[PDB]
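Beneath this line is the structure, given in structure tokens, with notes to follow.
Heavy-atom basis, side chains included; hydrogens, waters and symmetry copies ignored. We count residues from 1, following the sequence as given.
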Amino acid sequence: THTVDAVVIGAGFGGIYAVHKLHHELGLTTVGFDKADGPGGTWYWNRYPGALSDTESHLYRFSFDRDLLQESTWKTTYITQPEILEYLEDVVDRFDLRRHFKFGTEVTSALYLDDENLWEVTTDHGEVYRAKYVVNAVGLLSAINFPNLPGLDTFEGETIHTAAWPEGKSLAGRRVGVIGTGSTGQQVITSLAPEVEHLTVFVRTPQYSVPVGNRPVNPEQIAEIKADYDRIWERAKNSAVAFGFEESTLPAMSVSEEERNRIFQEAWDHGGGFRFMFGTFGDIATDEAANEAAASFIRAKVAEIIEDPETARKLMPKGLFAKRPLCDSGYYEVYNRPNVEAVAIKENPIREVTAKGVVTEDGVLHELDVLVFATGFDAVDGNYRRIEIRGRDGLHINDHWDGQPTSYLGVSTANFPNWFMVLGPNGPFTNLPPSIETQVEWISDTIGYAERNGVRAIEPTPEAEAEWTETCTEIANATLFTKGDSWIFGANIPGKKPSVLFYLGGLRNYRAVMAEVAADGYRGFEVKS
Ligand SMILES: Cc1cc2nc3c(=O)[nH]c(=O)nc-3n(C[C@H](O)[C@H](O)[C@H](O)COP(=O)(O)OP(=O)(O)OC[C@H]3O[C@@H](n4cnc5c(N)ncnc54)[C@H](O)[C@@H]3O)c2cc1C
Ligand SMILES: NC(=O)c1ccc[n+]([C@@H]2O[C@H](COP(=O)([O-])OP(=O)(O)OC[C@H]3O[C@@H](n4cnc5c(N)ncnc54)[C@H](OP(=O)(O)O)[C@@H]3O)[C@@H](O)[C@H]2O)c1
Ligand SMILES: O=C1CCCCCO1
């Protein structure tokens, strides 16, 4: 039983920064934990081939330390998993953080002790810590989703989830199946196709994707970025999604067809999924006709790329362009390869997995050495629901969030005093590092304020929390993303109640809300002295 000021759960971007603020700016005794053997979070787990950010390299990082920003370098316009991991290990060493963390150590329970006004946190090695504050940075795309298939456990080959890819494992020369064609599946398929002996893709919902445009960067282009870094970050912080481009306000149907095509073509040539969805016109996410113009443009490209009409039919995206926008380094062109087969599982479902592979309902065995599951995540709330977390009077997080998960401001919830979340439910949907920093900075200020002012507990009221839920819901219902049927609204997991899970007002609005709450003496919080 060690006693400390603060516990941080997670050693991704969130947890790394939170330990830094709580320790060096607030002078609090702070311990961090990760199940992982080192820092990096997402970029520690997802070592699958092709893993690559869709935020441009110069913005997928911390902004808080002006010297670090001048020191870091990168090879290309987007940054790969090993490069991000190295960046994060460098942050941890640069700021002497490593000593706060217990790696290979899962937090298994966190229990609030009403009389003592402390959290009791236990690890899977039986260590017990008591803390005044808990900061949860457990990842909104971290709890793996791994569907059961009939017969899966008779399979004699290897099975791998992409977000648990063992470092070093290569599938070169093997016969491989991939289940999943979201952001991960596209990357893994594109990068496996040239090295595997045969690839079979099991596609349930083909998605819309545009080119990433990942180009080599020399040490000069990067010099110009580094020379304007202050303004770069100021604009990012004052945009909606903080991806580094100007979010358009131009309505798509207010220009001619010719011009519309030209604007989409320029975005397509330039690259980037978010730029396609938000850099071109201002209403692709809120107006049906604007959505359909963007969708048709992409469908027409698929048609020109994939040469076999039957293959193209199976890969043709349909319906609203309303999932997380995807981009790729040659995904659709993979299906022109003779060692790649697409299996459209909505029309030819999986019958079962047997010793040697996957059998479809047409009676064909797809013979496979390895099955890769790019089946995504129990997003946002999944890592909370899996830990034993109990608040005031032993209320379990799963009974508190008995239906949808909720927060006040994305960083707190009622009945859990002195307990904060980084990227909890109902927070911003943006390039995430600058949102993580907004939240960590705001939590650190709040804890600092509590310590200075002798506050014993802070927690949001149920009224404020309900208002925040309603605000998220209203903003969501004004967009088409409601009908996209993906992880973003909890619709990807059998047994998960679909719900709003994000505040979609953008980083500029989010930051203004957060700063006003703090300037106003923590409006919506109950504060006990
Ligand atoms: C393949 C991939 C690509 C992505 N690309 C982008 C992108 O381009 N742009 C973008 O903005 N976002 C992207 N994301 C989202 C990305 O997760 C965030 O950018 C960011 O890495 C989140 O960092 P985090 O610290 O909040 O959580 P994570 O990096 O998910 O770290 C959470 C950590 O908590 C640990 N943990 C959880 N529960 C426990 C427990 N009980 N005890 C101990 N440890 C625990 C986990 O092991 C994990 O290491 C991507 C995600 C994935 C999976
Ligand atoms: N920066 C990047 O380039 C990058 C890369 C990877 C991940 N990410 C982030 O991580 C998020 C999640 O991405 P992801 O691709 O891992 O997950 P995802 O978008 O949730 O996609 C999961 C895929 O698995 C399929 N699937 C799920 N269950 C299945 C089942 N039982 N049988 C057959 N198919 C099944 C889904 O089909 P349906 O659509 O039919 O459900 C979908 O194609 C992304 O949206 C993005 O935010 C980003
Ligand atoms: O890939 C990501 C993570 C989901 C939320 C913002 C979009 O960028």
To the nearest 0.5 Å, how far apart are [atom1] in [X] and [atom2] in [Y]?
| X | Y | atom1 | atom2 | result |
| --- | --- | --- | --- | --- |
| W119 | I389 | CH2 | CD1 | 7.5 Å |
| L432 | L140 | CG | CG | 6.0 Å |
| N291 | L480 | CG | CG | 5.0 Å |
| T430 | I436 | OG1 | CD1 | 8.5 Å |
| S499 | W401 | OG | CH2 | 10.5 Å |
| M277 | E247 | CE | CD | 13.0 Å |

I want to know whether [X] and [Y] have ring centres closer than 6.0 Å.
| X | Y | result |
| --- | --- | --- |
| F420 | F416 | no |
| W419 | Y384 | yes |
| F321 | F481 | no |
| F278 | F243 | no |
| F245 | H270 | no |
| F281 | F264 | yes |

Side chain to side chain, [X] and [Y], heavy atoms closer than 4.5 Å:
| X | Y | result |
| --- | --- | --- |
| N339 | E197 | no |
| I298 | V210 | yes |
| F297 | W268 | yes |
| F373 | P147 | yes |
| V372 | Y48 | no |
| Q265 | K301 | yes |
| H366 | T200 | yes |
| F202 | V358 | yes |

Salt bridge or not between [X] and [Y]? Use side-chain N to carboxylate O under 4.0 Å.
| X | Y | answer |
| --- | --- | --- |
| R385 | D378 | no |
| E158 | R174 | yes |
| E347 | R313 | yes |
| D381 | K496 | yes |
| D485 | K323 | no |

Next on the checklist: Do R61 and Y87 form a cation-pi contact, if we require the NZ or CZ to be under 6.0 Å from the six-membered ring centre and within 45 degrees of the ring's axis?
Outcome noted: yes
Any donor and acceptor pair, going by atom type alone, linking the side chain of [X] with main-chain N or O of [Y] inside 3.5 Å?
| X | Y | result |
| --- | --- | --- |
| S57 | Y78 | yes |
| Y208 | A295 | no |
| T479 | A285 | no |
| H100 | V8 | no |
| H400 | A414 | yes |
| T311 | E307 | no |
| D369 | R175 | yes |
| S486 | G484 | no |
| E361 | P349 | no |
| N431 | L59 | yes |

Checklist entry - Would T80 and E83 satisfy side-chain hydrogen bond (donor to acceptor under 3.5 Å, both in side chains), going step by step from the backbone distance to the final call? => result CA-CA 5 Å; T80 61; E83 283 173 289; 2.9 Å; yes
Checklist entry - Between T181 and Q207, does a side-chain hydrogen bond (donor to acceptor under 3.5 Å, both in side chains) hold up when you go through it step by step? => result CA-CA 7 Å; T181 66; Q207 297 209 211; 5.3 Å; no
Residues [X] and [Y]: side-chain donor-acceptor under 3.5 angstrom:
| X | Y | value |
| --- | --- | --- |
| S142 | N383 | yes |
| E56 | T77 | no |
| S109 | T122 | yes |
| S209 | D328 | yes |
| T108 | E388 | no |

Item to check | Worked check of side chain to side chain contact (heavy atoms under 4.5 Å, CB included) between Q439 and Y510 | outcome: CA-CA 10 Å; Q439 287 183 156; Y510 182 66; 3.0 Å; yes
I need the minimum non-hydrogen distance between [X] and [Y], along with the two atoms involved.
| X | Y | answer |
| --- | --- | --- |
| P317 | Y332 | CG-OH, 4.4 Å |
| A290 | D283 | CB-OD1, 3.4 Å |
| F377 | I144 | CD2-CA, 4.1 Å |
| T286 | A478 | CG2-O, 3.7 Å |
| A51 | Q187 | CA-NE2, 3.5 Å |
| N426 | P405 | OD1-O, 4.1 Å |

Item to check | Derivation and outcome, side chain to side chain contact (heavy atoms under 4.5 Å, CB included), residues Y335 and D308 | outcome: CA-CA 9 Å; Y335 293 101; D308 185 347; over 6 Å; no
Item to check | Steps toward ring pair (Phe, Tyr, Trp, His ring centres under 6.0 Å) verdict (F13, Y60) | outcome: CA-CA 10 Å; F13 276 91; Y60 194 69; 5.2 Å; yes
Item to check | Full working for ring pair (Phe, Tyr, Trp, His ring centres under 6.0 Å) between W468 and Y503 | outcome: CA-CA 9 Å; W468 187 251; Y503 177 79; 5.0 Å; yes
Next on the checklist: side chain to side chain contact (heavy atoms under 4.5 Å, CB included), that's the test. Do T469 and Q404 meet it? Break it down for me.
Outcome noted: CA-CA 10 Å; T469 306; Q404 69 199 89; 3.7 Å; yes
Next on the checklist: Walk me through whether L507 and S435 qualify under side chain to side chain contact (heavy atoms under 4.5 Å, CB included).
Outcome noted: CA-CA 7 Å; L507 186 56; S435 286; 3.5 Å; yes
